[PDB]
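Report on the structure given below.
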Amino acid sequence: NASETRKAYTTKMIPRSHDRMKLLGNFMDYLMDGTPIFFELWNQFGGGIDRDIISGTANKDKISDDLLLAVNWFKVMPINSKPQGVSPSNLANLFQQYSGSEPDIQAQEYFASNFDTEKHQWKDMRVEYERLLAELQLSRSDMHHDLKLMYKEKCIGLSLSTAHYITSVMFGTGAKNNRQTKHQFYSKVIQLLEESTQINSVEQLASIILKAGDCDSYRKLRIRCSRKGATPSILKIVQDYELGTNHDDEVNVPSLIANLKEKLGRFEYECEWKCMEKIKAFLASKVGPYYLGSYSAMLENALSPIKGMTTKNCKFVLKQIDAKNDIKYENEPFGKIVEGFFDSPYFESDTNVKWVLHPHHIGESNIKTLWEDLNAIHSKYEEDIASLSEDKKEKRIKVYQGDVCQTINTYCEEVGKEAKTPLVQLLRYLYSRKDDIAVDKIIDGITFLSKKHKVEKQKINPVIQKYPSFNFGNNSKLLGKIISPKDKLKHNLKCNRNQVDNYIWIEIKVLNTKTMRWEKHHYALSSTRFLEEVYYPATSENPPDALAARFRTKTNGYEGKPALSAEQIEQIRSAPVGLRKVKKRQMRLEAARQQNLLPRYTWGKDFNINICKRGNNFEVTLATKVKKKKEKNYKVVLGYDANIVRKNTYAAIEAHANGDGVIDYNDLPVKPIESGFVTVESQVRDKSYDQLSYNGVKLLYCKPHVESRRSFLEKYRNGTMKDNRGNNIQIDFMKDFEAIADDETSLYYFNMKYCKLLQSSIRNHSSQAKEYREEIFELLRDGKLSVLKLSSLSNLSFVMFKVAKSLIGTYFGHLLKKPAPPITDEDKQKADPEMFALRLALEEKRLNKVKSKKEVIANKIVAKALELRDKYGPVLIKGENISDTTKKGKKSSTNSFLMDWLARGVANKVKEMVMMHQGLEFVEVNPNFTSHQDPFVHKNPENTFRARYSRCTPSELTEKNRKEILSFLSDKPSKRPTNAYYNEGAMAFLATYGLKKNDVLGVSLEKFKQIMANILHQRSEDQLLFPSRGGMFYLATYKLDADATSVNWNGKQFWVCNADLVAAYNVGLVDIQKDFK
RNA sequence: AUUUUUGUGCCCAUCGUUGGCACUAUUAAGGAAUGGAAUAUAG
DNA sequence: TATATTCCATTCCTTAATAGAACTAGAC
DNA sequence: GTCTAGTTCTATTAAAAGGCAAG
């Protein structure tokens, strides 16, 4: 039920005197310089692990003893790392020598793991551990004793303790609790419980715990058995009984005995170290005197990569074993035949160097249809061969040869329409070995080659050091605190200063490197967001109460837009442009405080201070845990449909609904509350622009810009075409340009299209790349309407940034072209620093736009869910589970387009945001068929699927539209289930308009348009509906789109709704029964 | 402990009327793709 | 126009981690 | 009375009696 997350506030360090900042910088430098020593030492400790140390351990995660040892003994690290490198062929030999036995499959798989041979190499950590014993003059027996103790205390191994605990048990010189005393006491409790196994009241249990401890109170029990530290659960029962909060609790005697019996092991030893003094002396020599806070701070940074890579590498090895087991090695000979293509004459290469073959080279499992069509040709050629008896038998055979090449070429072109184009030579080659290999075996064999290569190429994770950051806080860390708001008011009063200010102060216990002693110091920070949502004080009496979600934000119910005073508004106007935005926010904050509109924030020592030093810059982050209790009793489901070009959508469904609109969904009464599109509106004067969909101003208002662009291309409109069947055709760019220069066209589309044309001009004038340099700057940077100056968050705007990056690549590539030394970023920067800076500026702006799009889309989804939660109750947000969208088997353009979907990034932001609000839950569901299901009818109780639809006038019809409708009437079979819906849709289209296949098949687009206009004119209809893949509309049984109009399709009455709105309802309904189980 | 000028960013033919907005930070690798130049091949 | 490779660059996502809790002797 | 710097804390995964006569 308990859920935990953190919210962070980034800040700007406001510097004090240089000497004060130097003291802090020197301390941060000291911790950073120190961290690598702990990293090296912990690697040596891991190297000393052996079968004796891990004897009788836990079950871990199906990790074998061999794997646990191998991951400790051998690691992949940078070649220039201090540990000496080992060859991969020696890992098993070294393992046998250290282990005494040869490695098992898990350790063997780890050794076989792929890695980049030019950056990383295997390292022997056992040799590193030998270096520790030698360098510190440590007894092998003494270090083994300490290592064994460390394993029990979780200082080393699979499940590590915190750095703070590890530092304390290993190096702490403070008074330790006597472990034997706790062992005798826990043992006595176990004995008494066994003696009275049938007790059932806490009163009886507390009495048994008290008798075991020879005491009459928890306080006397703790002093004798657990003097220092957090209260053990067994002593908490006595304390809670003395408080009176657990008197009615149930008692599970077998469970208490079992849990107590498991802790016994930890208390059979007193943790008497034998080499800690020597190791501490070595550490003091390298990082200075032992301090729990400083050593613990450095150890946490050193430990994180070592522990994390061990966890990740163990899972990866186990994953590889299953993936390898999943391979069918029995198909290797079939794979061997297919791989034979490289040796065959069909494949031809200078060095005849091969490549990996994947299913898309044969068109996946669509080779079978090609085989049947090819067998039929052969069958007819093997049945008409008997009726020959002529000298020219070399006619028919050539007709069989030549028609085999058209069938294959045709297959490759058809498949290449909606996927990667298959390889003609490989399929020709494969047809030649038709008696040699069955077609199903060709697929199994090609699959084996591809699947084997993918599994074998997966790389091991190298162990890389961490760039460190240090934590300051109230407890178990370096001492630090944010001055509290009350202390700030008191400090200001005592200083005869203004009651409020815009700065945040921290006090941290820091080491003075000169004296090597601790000193508390004060530092200043600035963060407007922190001040608004947390820090600024609600000084006025009877201020609004603190918000349920503690943060003071608009989503949490605080608008923060109070009426400003004339002196306040003049302060904003009076300030420079660079400070006006922050001044307005500060003035607005002061107004809400004065007007008593600012809600209270409940202060606590809840914010961690993280400091990271890069150069002379300090990055300070304030983060606080946010606690949430799950609310499983959902009243509303919010479905979200993620789209790429089209708008995203949401649909809300009330569960356990009663009333006029209730629908009975498989015994669950539900009501479709509402659906909508996600838009992010920004006000400009009196109009508003949706950041998500705006494509820019029409060219009508950018004539100077277009003419300026048109003038430059004219001087470089000259361009040839290598694709003209021999002699290239010198075509004209300007004809292409005028098409996109229409006054009606959007600026972003025009700008994106112009970059592509400019790329073509440059490709056609390679020797004159330098000439375009000035034009690119005005287009991308300097121009008033340049890409950098104006762009929305619409898909087209993102594509415009992508093409601009490509054009800069083309300018640079052509600029440095020559007929061996590769061209690097250093070369480009020296060649054109301004152009290179421009490419970086585009990258930085695009990343910022992407982050902004994820946050604004996430905000809209969370706001709607919060609105529904306040109205109805707990809300479950459902998103589509989208994965593995980009594939090598698809064309580059599809993968390129698919990259901007951003469904996962938005979903990840929603999941994090959802964790901050009670009554909100987020899950992902299978998106299968969500675009074709008829919501509230499908699965209630029959499967109901329908085609997507397009709506246009007869004039707007295109040849593609005509061909698409005929394609659905083909009646050729498909492995695509959606194909039937489009077929039924096309059948419905002919019936609804009183048509027949011959009215569309073999009819000119002109004839087709007039036929539809005549029907529509008789029916007094402006537009016609036709089934189209990715069609904007869906004919729904229910009114799920607010703007939907009723229509009678094939004698059935349906609502014409936006297809995406229908989809959001469908996403909400996937496995909806499971959400109310 | 006082700096008083800044947490990070998003949108706009008019960059202001107080213009309109939004947001968990960091470390490190891995996975899957894309762009550019050129090469080989192919009907 | 397709396939495939090499080299220089890039994006979007995933998965290992960090951002401790509760306590008391002893220092004020 | 307070505050800090030091300590230990959490999973669950236990064993064996019970079930049978005269002696």
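In what follows, every chain begins at residue 1, and chains take the letters A, B, ... in the order their sequences are listed.
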* Test salt bridge (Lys or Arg N to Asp or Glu O under 4.0 Å) applied to A:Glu413 and A:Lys417, step by step -> CA-CA 6 Å; A:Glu413 191 191 10; A:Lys417 260 117 177 246; 5.8 Å; no
* To do: For A:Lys581, select major or minor according to which groove has a base atom within less than 5.0 Å of a side-chain heavy atom.
  =>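 Major groove.
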* Asked: Which groove, major or minor, has a base atom under 5.0 Å from a side-chain heavy atom of A:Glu855?
  ->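 The minor one, because that is where the side chain of A:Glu855 falls within the cut-off.
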Please name the nucleotide paired to [N] by Watson-Crick or G-U wobble geometry with both distances under 3.5 Å, or report none.
| N | answer |
| --- | --- |
| B:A32 | C:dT11 |
| B:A38 | C:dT5 |
| D:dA14 | none |
| D:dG23 | none |
| B:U4 | none |
| B:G43 | none |
| C:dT18 | B:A25 |
| D:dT2 | C:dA27 |

In whole Å, what separates the [atom1] atom of [N] from that of [M]?
| N | M | atom1 | answer |
| --- | --- | --- | --- |
| D:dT10 | C:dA22 | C1' | 11 Å |
| B:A1 | B:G19 | P | 38 Å |
| B:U14 | B:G20 | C1' | 15 Å |
| B:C21 | B:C15 | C1' | 15 Å |
| B:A13 | B:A29 | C1' | 46 Å |

When all nucleic acid strands are considered with a 4.0 Å heavy-atom cut-off, which category describes [X]: base, sugar-phosphate, or nothing?
| X | answer |
| --- | --- |
| A:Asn313 | nothing |
| A:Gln458 | sugar-phosphate |
| A:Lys520 | sugar-phosphate |
| A:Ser476 | base |
| A:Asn259 | sugar-phosphate |
| A:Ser682 | base |
| A:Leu793 | sugar-phosphate |
| A:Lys703 | nothing |
| A:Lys457 | sugar-phosphate |
| A:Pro232 | sugar-phosphate |
| A:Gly416 | nothing |
| A:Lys176 | sugar-phosphate |
| A:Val424 | nothing |
| A:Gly578 | base |

* A:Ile823 or A:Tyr165, whichever maps to the more 5' nucleotide of DNA chain C ->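 Per heavy-atom nearest nucleotide, the more 5' residue is A:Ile823.
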* First of A:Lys315 and A:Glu843 reached from the 5' end of DNA chain C, by closest nucleotide ->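 The residue whose closest nucleotide sits nearer the 5' end is A:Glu843.
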Using a cut-off of strictly less than 4.0 Å, decide whether [X] has a side-chain nitrogen or oxygen near OP1 or OP2 of [N].
| X | N | result |
| --- | --- | --- |
| A:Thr421 | C:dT3 | yes |
| A:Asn492 | B:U2 | no |
| A:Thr311 | C:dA17 | yes |

Closest approach to the side chain of [X], judged atom by atom: which nucleotide of [options] is it?
| X | options | answer |
| --- | --- | --- |
| A:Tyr467 | B:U27, B:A37, C:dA4 | B:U27 |
| A:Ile572 | B:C23, B:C11, B:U18 | B:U18 |
| A:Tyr503 | B:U4, B:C11, B:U27 | B:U4 |
| A:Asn475 | B:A13, D:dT7, C:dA22 | C:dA22 |
| A:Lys454 | C:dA22, B:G31, B:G20 | B:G31 |
| A:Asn848 | C:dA21, B:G9, C:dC23 | B:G9 |
| A:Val850 | B:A1, D:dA14, C:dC12 | C:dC12 |
| A:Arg839 | C:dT10, D:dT12, D:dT8 | C:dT10 |
| A:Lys12 | B:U18, B:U6, B:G36 | B:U6 |
| A:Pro576 | B:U2, B:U5, B:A13 | B:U5 |

* Centre of A:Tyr467's six-membered ring, under 6.0 Å away, within 45 degrees of the axis: is that where NZ or CZ of A:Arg614 sits? ->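 Yes; both conditions hold, so A:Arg614 lies above the ring face of A:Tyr467.
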* Asked: Less than 6.0 Å separating the ring centroids of A:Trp505 and A:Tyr535?
  ->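 No: the rings miss the under 6.0 Å criterion.
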* Ring-on-base stacking B:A37 with A:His814 (under 5.5 Å, under 30°) ->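 A stacking contact does not exist, since A:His814 is not both close and nearly parallel to the base ring of B:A37.
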* Polar side chain donor-acceptor pair, A:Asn114 to A:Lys457, under 3.5 angstrom ->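 Checked: A:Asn114/A:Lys457 side chains show no N/O donor-acceptor pair below 3.5 Å.
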* Residue that, paired with A:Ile611, satisfies side-chain contact (heavy atoms from CB on, under 4.5 Å) out of A:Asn471, A:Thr621, A:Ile508 ->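 When side-chain contact (heavy atoms from CB on, under 4.5 Å) is applied between A:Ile611 and each of A:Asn471, A:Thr621, A:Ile508, only A:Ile508 qualifies.
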* To do: Nearest-nucleotide wise, let me know which of A:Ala175 and A:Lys263 is further upstream toward the 5' end of DNA chain D.
  =>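 Per heavy-atom nearest nucleotide, the more 5' residue is A:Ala175.
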* Asked: How do A:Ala258 and A:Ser161 order along DNA chain D: which one's closest nucleotide is nearer the 5' end?
  ->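 By nearest-heavy-atom nucleotide position, the 5'-most residue is A:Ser161.
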* Below 4.0 angstrom, N of the basic side chain to O of the carboxylate: do A:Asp884 and A:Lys890 qualify? ->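 Between A:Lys890 and A:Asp884 there is no salt bridge, as every charged N stays at least 4.0 Å from the carboxylate O atoms.
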* Is B:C15 base-paired to B:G35, counting Watson-Crick or G-U wobble with both distances below 3.5 Å? ->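 Result no; criteria under 3.5 Å not both met.
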* Base pair B:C21/B:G9 (Watson-Crick or G-U, both distances under 3.5 Å) ->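 Pair flag for B:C21 and B:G9 is true.
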* Length of the CG-P vector between A:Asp116 and B:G31, whole Å ->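 Rounded to the whole Å, the gap is 11 Å.
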* **Integer-rounded Å distance: B:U2 P and A:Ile504 CD1** =>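 So the two atoms are 15 Å apart, to the nearest Å.
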* **Plane angle bin for A:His361 and A:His358 - parallel if under 30°, tilted between 30 and 60°, otherwise perpendicular** =>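 Answer is tilted, since the angle falls between 30° and 60°.
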* With under 30° as parallel and over 60° as perpendicular, where do the rings of A:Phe342 and A:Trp355 fit, or are they tilted in between? ->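 Rings of A:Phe342 and A:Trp355: perpendicular, as their planes differ by over 60°.
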* Looking only at heavy atoms, which two atoms of A:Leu531 and A:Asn502 are closest? And how far apart? ->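 Of all heavy-atom pairs spanning A:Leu531 and A:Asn502, the closest is CD2-CA, 3.7 Å.
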* side-chain contact (heavy atoms from CB on, under 4.5 Å) between A:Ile504 and A:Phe530, worked out -> CA-CA 9 Å; A:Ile504 310 135; A:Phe530 186 71; 3.6 Å; yes
* Asked: Would you say the base of D:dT7 and the side-chain of A:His164 have a donor-acceptor pair closer than 3.5 Å?
  ->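 Donor-acceptor pair under 3.5 Å: yes.
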